[PDB]
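Which chain is which? The protein sequence lines are A and B, in order.
Numbered continuously in this note's numbering, the first sequence closes out at residue 215.
Numbered continuously in this note's numbering, the second sequence closes out at residue 436.
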Amino acid sequence: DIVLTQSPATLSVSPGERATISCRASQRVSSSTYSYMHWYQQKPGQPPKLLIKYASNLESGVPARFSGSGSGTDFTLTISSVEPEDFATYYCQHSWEXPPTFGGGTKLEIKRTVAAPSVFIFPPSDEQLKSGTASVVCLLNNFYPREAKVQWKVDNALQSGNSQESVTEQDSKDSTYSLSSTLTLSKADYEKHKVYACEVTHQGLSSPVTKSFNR
Amino acid sequence: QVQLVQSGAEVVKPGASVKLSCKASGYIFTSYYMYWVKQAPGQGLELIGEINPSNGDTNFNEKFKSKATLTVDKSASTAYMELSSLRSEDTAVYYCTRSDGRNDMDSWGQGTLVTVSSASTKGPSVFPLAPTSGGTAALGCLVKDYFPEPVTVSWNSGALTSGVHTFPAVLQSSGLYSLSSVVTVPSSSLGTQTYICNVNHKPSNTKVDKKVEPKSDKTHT
């Protein structure tokens with residue numbers, strides 16, 4: 001088969017800067033007259049989406065800031081000015097011959113301005129505690145960049161395990177991340193303590209920030 | 216509007232079969248080729264094959280010609296893909312997609328996650344994360360103890376999307392998944408607005424709505 005090699009694997013651009021991503025076919029996929037390379041955008045959680053067909057034809061409804069060029073083996077997708085909602089993986093695909101094959105993807109990442117997390121804490125619902133378990137959720141909302149350190153403190157003691165974290169992809173509207181950290185305890189353990197605290201360290205903050213509740 | 220709507224996520228036992236469907240609407244079904252495409256988790260795209268729904272001509276990526284059977288029901292505007300004797304490597308999102316002339320693929324299904332596993336499906340419990348920072352409040356739903364992926368969440372049947380963050384699942388020690396979906400809103404309007412999270416776990420046929428109300432107590436016994 002024909003191998004499409006995309007580059008780079010990851011592209012980071014600032015808000016409103018130009019983004020260029022390349023796709024090299026292992027052999028020619030153009031005639032005298034037309035090119036058989038197509039470009040797609042896969043936004044997080046969604047199917048791929050057609051942007052550009054036949055190397056340079058902008059698909060209908062696709063914003064004007066997208067464009068494509070090249071012939072033969074070397075093809076490029078240009079975004080003239082990157083917006084938050086352009087956060088996606090971009091895939092090339094040929095239809096020169098059987099079987100159509102896809103490139104490996106270029107992840108486009110957006111270097112937006114530094115933002116500290118707003119931090120919130122949720123005690124366990126009464127509903128959950130009826131069942132014998134207590135999840136305490138600590139939320140770090142709308143921060144940039146990604147690196148953030150979260151630590152749980154129960155009665156001022158550093159908790160060593162029993163928590164799990166998950167971070168979002170970059171947000172489609174403001175390019176920030178959010179993170180949830182959930183501390184899971186049995187109802188008994190939960191109730192044998194008073195203070196539940198989450199301590200957040202992030203480079204947009206000059207000190208650690210602590211949200212807590214007493215039960 | 217053109218639309219391709221795929222069947223729900225499913226767990227399949229190793230060595231079993233599964234039949235995926237793709238319902239087409241807003242155009243004449245037999246006027247476009249239909250492709251099936253495989254996306255392995257955290258991975259890129261592979262073509263499974265092509266069916267011509269007018270004349271049934273198929274064309275398979277050689278790699279899948281022993282794995283996949285493509286059919287259609289023209290009377291019902293629906294393409295099917297049957298995947299045979301599944302193993303771990305078949306765990307993936309499967310997309311149907313259309314193509315007017317076998318070049319670009321201009322409309323896509325939303326995808327079906329097939330997870331190959333011996334573990335039983337399990338539906339999640341949904342718990343409120345009841346509602347401050349710079350005059351904003353956070354609220355959410357904790358969606359706990361489900362297998363396999365995926366769970367989807369919307370807020371207020373899709374009317375509430377601004378500020379929503381629905382986290383990637385985490386894998387718990389039990390081997391069951393967990394996720395939270397949260398939103399930030401004005402703290403000022405917590406007593407006037409209604410926030411309901413809609414949780415869908417297609418594999419267990421779980422479709423659950425949970426009103427998240429403000430945490431509203433002087434007495435401690």
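Cβ coordinates follow ideal geometry from the N, Cα and C atoms, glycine included.
- Here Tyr-309 of chain B carries a strand assignment [DSSP, helix/strand/coil].
- Per DSSP, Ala-188 of chain A is one residue of the alpha helix (DSSP H) stretching across 187 to 191.
- With a threshold of 16 other beta carbon atoms within 10 Å, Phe-213 of chain A falls short and is exposed.
- With fewer than three CB-CB distances shorter than 8 Å, the stretch 59 to 75 of chain A does not count as touching the stretch 226 to 239 of chain B.
- Partner residues in a beta bridge of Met-320 of chain B, as assigned by DSSP, do not exist.
- With a threshold of 16 other beta carbon atoms within 10 Å, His-435 of chain B falls short and is exposed.
- In the three-state reduction of the DSSP assignment, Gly-70 of chain A falls in the strand class.
- The C-beta of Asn-270 of chain B has fewer than 16 other C-beta atoms within 10 Å across all chains shown, which makes the residue exposed.
- Within the same chain, and ignoring the five residues on either side of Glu-59 of chain A in sequence, the residues whose Cβ sits closer than 8 Å to its Cβ are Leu-50, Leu-51, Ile-52 and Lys-53.
- Scanning B:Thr-330, B:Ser-290, B:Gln-258 and B:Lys-289 for the CA closest to the CA of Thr-306 of chain B turns up B:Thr-330.
- Scanning the stretch 247 to 278 of chain B from its first residue to its last, the whole beta strand (DSSP E) runs of 3-plus residues come out as 248 to 254, 260 to 266 and 273 to 275.
- Annotation: the continuous alpha helix (DSSP H) that includes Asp-126 of chain A extends over 126 to 130.
- Under the three-state reduction of DSSP, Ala-9 of chain A is assigned to coil, being neither helix nor strand.
- Along the length of the stretch 344 to 401 of chain B, whole alpha helix (DSSP H) runs at least 4 residues long do not occur.
- Interface annotation, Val-195 of chain A: not in contact with chain B, CB-CB separation never under 7 Å.
- Closer than 7 Å to the CB of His-380 of chain B there is at least one CB belonging to chain A.
- Within the same chain, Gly-264 come within 6 Å of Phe-275 of chain B by CB-CB distance, once the 5 residues on both sides are set aside.
- Taking 7 Å as the CB threshold, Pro-418 of chain B stays off the interface with chain A.
- Residue burial annotation: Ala-255 of chain B is exposed, with fewer than 16 other C-beta atoms found within 10 angstroms of its C-beta.
- Within its own chain, no residue has a Cβ closer than 8 Å to the Cβ of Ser-207 of chain A once the five positions on either side in sequence are excluded.
- The beta-carbon distance between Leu-4 of chain A and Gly-103 of chain A, rounded to whole angstroms, is 4 Å. This is short enough to meet the 8 Å contact definition.
- The DSSP-derived three-state label of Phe-87 of chain A is coil.
- Comparing alpha carbon positions, the residue from B:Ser-393, B:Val-220 and B:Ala-353 closest to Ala-291 of chain B is B:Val-220.
- Listed along chain A are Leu-50, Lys-53 and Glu-59, each with a C-beta nearer than 9 Å to that of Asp-321 of chain B.
- Taken through DSSP and simplified to helix, strand or coil, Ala-148 of chain A comes out as strand.
- Interface annotation for the stretch 294 to 327 of chain B against chain A: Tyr-310, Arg-317, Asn-318, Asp-319, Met-320, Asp-321, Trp-323, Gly-324, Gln-325 and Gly-326, criterion Cβ-Cβ distance under 7 Å.
- Per DSSP, reduced to three states, the secondary structure at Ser-22 of chain A is strand.
- Under a criterion of Cβ atoms nearer than 7 Å, the residues of chain A adjacent to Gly-349 of chain B are, in order, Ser-118.
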